[PDB]
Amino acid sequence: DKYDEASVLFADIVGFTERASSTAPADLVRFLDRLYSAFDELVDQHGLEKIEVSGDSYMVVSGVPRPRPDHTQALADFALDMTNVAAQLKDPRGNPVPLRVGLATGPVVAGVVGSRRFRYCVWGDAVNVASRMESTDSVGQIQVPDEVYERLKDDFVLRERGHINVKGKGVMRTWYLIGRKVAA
């Protein structure tokens, strides 16, 4: 188990049988599941692996066993394909893209609990603050914090958002949104 520092990504769609659908066993909850089935296949690129998942939530940490200096930049470009890929599939059945993505970085510790329960999990200060970014997101874009905003090395475009309302942190902080990666 290690402590150090790592970046974490959190993702979840609000358009998962909650809008105005009647709920059907056929076609429904199968085309959306086919989208997420394309994300795990596209995983093979860098040091990334799926950790925790209760229901329809999807979160990936960069704190994999083998850590790289550019762990913050590994998810920064990965979040650009999260929206790009989930945009080609439209026909048949017209569905919008209300996908909400939230980023965060900081101290991350490995779980791995012996006996009593078969699980590896992931916990830390960063993992806790990566969820609130998702739950409280407008339009349907990626929400980046100040921490990740400091790790860009003049290679990423970020736009200021502002402040909202929080209960966990208490004091609100300036948030940003990643548009595209700077490539000369």
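Quick note: we count residues from 1 along the sequence shown, nothing fancier.
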If you average the Cα B factors in the entry, which is higher, 82 to 90 or 106 to 114?
106 to 114
As stated in the PDB record, which stretch has the larger average Cα B-factor, 18 to 26 or 162 to 170?
18 to 26
If you check the C-alpha B-factor for each of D33, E134, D40, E147 in the entry, which is highest?
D33
Ordered by C-alpha B-factor within the chain, which third holds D155? Give me lowest, middle or highest, please.
lowest
Entry-reported Cα temperature factor of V129, expressed as the chain third it lands in
lowest
Grab the CA temperature factor for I142 from the record and place it in the lowest, middle or highest third of its chain.
middle
Sort the modelled residues of this chain by their C-alpha B factor and say whether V60 lands in the lowest, middle or highest third.
lowest
